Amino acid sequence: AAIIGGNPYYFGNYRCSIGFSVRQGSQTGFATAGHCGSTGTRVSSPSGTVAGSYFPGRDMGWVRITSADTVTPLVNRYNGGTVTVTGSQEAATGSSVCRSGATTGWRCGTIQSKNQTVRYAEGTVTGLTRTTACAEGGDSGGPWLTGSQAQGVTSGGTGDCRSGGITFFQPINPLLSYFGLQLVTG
């Protein structure tokens, strides 16, 4: 099947959301949150393995997939259709931004503050961008877009999408750099 940002993937007892399709030389996969699974973790739908994961400290990872699935430059818009990712030009503080994830679909907000530190129960994570968008469990790893420009993957936050909350993302460019990944674009 097509790898599409915002769609679910599974491992053991858990669900996270695909971030962005990526390539590493001849290999393919998708960016995600580090906390979704440590290096070597097997995943299903799509079949893959966590090829890299830095969490805590950062919250960045990627999953290498198999020939049974195909990378796309697409993100699920959760209204029947998709958004095409054309690059990863970083949006400014104050910009609108939207995220996609398997539990709450498409949700939007504003980028409030960058380089934020959050003391998660598993350990402290730095370098995060705080937004006013909401998220819920299952949405983690999912992509953030300002227009057609990739911003990050969902790391954490508080509250929910019924009553609202705040949400943190791991910026995408540090993730691509750390793991030596190329973003799949259209």
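One rule holds for the numbers: they count along the sequence shown, beginning at 1.
Engineer: Looking only at CA atoms, which has the higher mean B factor in the entry: 43-51 or 145-153?
Structural biologist: It is 43-51 that shows the higher mean C-alpha B-factor.
Engineer: Mean Cα B factor from the PDB record: higher for 126-134, or higher for 66-74?
Structural biologist: Per the PDB entry, the higher value belongs to 66-74.
Engineer: Which of these, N115, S96, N79, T86, has its C-alpha atom at the highest B-factor, as the entry lists it?
Structural biologist: Out of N115, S96, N79, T86, the record gives the largest C-alpha B-factor to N79.
Engineer: Among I18, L175, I166, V22, where is the Cα B factor highest in this entry?
Structural biologist: Comparing C-alpha B-factors across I18, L175, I166, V22, the maximum falls on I166.
Engineer: Mind checking which third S26 falls in for C-alpha B-factor across the chain?
Structural biologist: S26: CA B-factor falls in the highest third of its chain.
Engineer: Place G5 in the lowest, middle or highest third of its chain's C-alpha B-factors, as listed in the PDB entry.
Structural biologist: According to the entry, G5 has a C-alpha B-factor in the chain's lowest third.
Engineer: Using the B-factor values recorded in the entry, state whether the Cα atom of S140 falls in the lowest, middle or highest third among the modelled residues of its chain.
Structural biologist: Within its chain, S140 is a middle-third residue by C-alpha B-factor, going by the deposited values.
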